[PDB]
């Protein structure tokens, strides 16, 4: 058996168990990925590689993650592009920006990306987002065009409580998001 766990409720100015990329850094006890500025990207990864599956045994891990995030937009009606929780190869660097969320490079399925992500998409990209134009939660598998989505009403400046779990017995990835109001 192999397990990896951690908890952080307040971020230090030098949170050494995290790897930062782009504009990602800690400030005011929070983990900031981007400030309200155009065309940028920020990522933060846990320092330790995580053992998700094993070829010889074919065993796959069960895992769960909890986090609370906030999106602060100057104009509550002009918001982009979104935020994700992702699982990628150990040596991952920021991918395409903008609507690609720094984790994918195309709407076409790309086996080489080897990345799974749960997105909280605040901007409608006509090339691949749900036609109703709603902001949405989505499950992405090697593509920015989600395998499944659910419409989500962004609450500007409100704390979004998220839980994401993976059940290896069923290969089911579940996502939950709650707002206090």
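Residue numbers count along the first chain shown, from 1.
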Using only the Cα atoms and their B-factors as the entry lists them, report which of 105-113 and 72-80 averages higher.
72-80
Test of understanding: from the entry's C-alpha B-factors, which stretch has the higher mean, 141-149 or 51-59?
51-59
Among the modelled residues of its chain, does the C-alpha B-factor of residue 134 lie in the lowest, middle or highest third?
middle
Consider only the C-alpha atoms of the modelled residues in this chain, order them by B-factor as the entry records it, and name the third containing residue 21: lowest, middle or highest.
middle
Chain-relative CA temperature factor third for residue 128:
highest
Comparing against every modelled residue in the chain, figure out the third that the C-alpha B-factor of residue 174 lands in (lowest, middle or highest).
lowest
When the deposited Cα B-factors of this chain's modelled residues are ordered and cut into thirds, is residue 156 in the lowest, the middle or the highest one?
highest
